[PDB]
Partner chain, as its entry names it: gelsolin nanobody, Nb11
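Here you get one chain, nothing else, as structure tokens; it is the form solved without the partner chain.
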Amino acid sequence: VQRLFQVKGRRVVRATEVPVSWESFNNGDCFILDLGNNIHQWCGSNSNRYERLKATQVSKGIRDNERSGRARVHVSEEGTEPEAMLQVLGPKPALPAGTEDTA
């Protein structure tokens, strides 16, 4: 499996599937790169607490509800991306700031 979710919001946080590419990322939200047996929860330096919380819920939700607990969740952030993420997405470009969330 190879899926990528954008976890964005303030008033209401939503997790939505986006193209599996670094071009979907930004430094203002959280992202979940689902690789099947491994799930990568990445949060931008400017992400908010609501997004980080929802990112944990979605990552653990995939792990427990979709994989029956047979997956490992890896938490990272800007600068600490694991090579497993880079092996799938390629080298990381400079990321845009991200769009302000709806308050």
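Residue numbers count along the first chain shown, from 1.
Just so you know, the form solved in complex with the partner chain exists too; it's not on screen, but the next bit is about it.
Asks: Is the gap between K60 and the partner chain in the entry with it bound 4.5 Å or less for some heavy atom pair?
Replies: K60 lies outside the contact set for the partner chain.
Asks: Does the 4.5 Å heavy atom contact test between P93 and the partner chain in the entry with it bound come out positive?
Replies: No.
Asks: Taking only heavy atoms into account, state which residues of 66 to 92 are within 4.5 Å of the partner chain in the entry with it bound, ordered by sequence.
Replies: Result: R72, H74, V75, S76, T80, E81, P82, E83, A84, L86, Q87, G90, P91.
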